Amino acid sequence: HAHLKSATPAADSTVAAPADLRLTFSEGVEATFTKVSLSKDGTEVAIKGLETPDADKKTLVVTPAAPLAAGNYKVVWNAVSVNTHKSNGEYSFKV
Ligand SMILES: [Cl-]
Ligand SMILES: [Cl-]
Ligand SMILES: [Cu+2]
């Protein structure tokens, strides 16, 4: 199953407006079947895009509609691997 190895913004780290989130998994994931929910103090923030650029499909680029306002962000992810297995979790970060 796909484990999330690293994010960026990194779990619980603080940053300036990153432009997008990168999620790096232990296996290839499917952009089309994978769900990512980004929320700021408990209301949806709008994701415009999901993509796996490289061909291993191990980094998921999650592009929000706007650049991100400063504050407290919760990511909830439901990955579907290239072999169709479902995993999930969550993490936080701050701008
Ligand atoms: Cl995980
Ligand atoms: Cl999707
Ligand atoms: Cu597995």
Task: Within the stretch 1-33, considering residues that are closer than 18 Å to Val80 by Cα and acidic (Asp, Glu), the one nearest to ligand 3 (Cβ to nearest atom) - done: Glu27
TODO: May I ask you to list the residues in the stretch 23-57 that are within 16 Å of ligand 1 (Cβ to nearest atom) and more than 16 Å from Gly89 (Cα to Cα)?
DONE: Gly28
TODO: Looking only at the stretch 67-86, count how many residues are of a type in the set (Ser, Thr, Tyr) and within 15 Å of ligand 2 (Cβ to nearest atom).
DONE: 2
TODO: Give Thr32, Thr43, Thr14 a once-over and let me know the one that is in contact (Cβ under 8 Å) with a residue 40 or more places away in the chain and either touching an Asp or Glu at 6+ places or on another chain (Cβ under 8 Å) or loosely packed, with under 12 Cβ neighbours inside 10 Å (or both).
DONE: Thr14
Open item on the list: Could you check the stretch 34-76 and list, in sequence order, the residues that are out of contact with any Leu (no Cβ under 9 Å at 6 or more places or on another chain), more than 18 Å from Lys86 (Cβ to Cβ) and assigned to a strand (DSSP E or B)?
Closed with: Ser39, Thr43, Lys48, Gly49, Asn72
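Table: residues versus (1) over 22 Å from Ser13 (Cβ atoms); (2) of a type in the set (A, V, I, L, M, F, W, C).
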| residue | (1), (2) |
| --- | --- |
| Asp56 | yes, no |
| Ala69 | no, yes |
| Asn88 | no, no |
| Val95 | no, yes |
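Cβ atoms come from the backbone with ideal geometry, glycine included; neighbour counts cover every protein chain shown. Read-outs throughout are calculated quantities, based only on the coordinates presented, and are distinct from any laboratory measurement.
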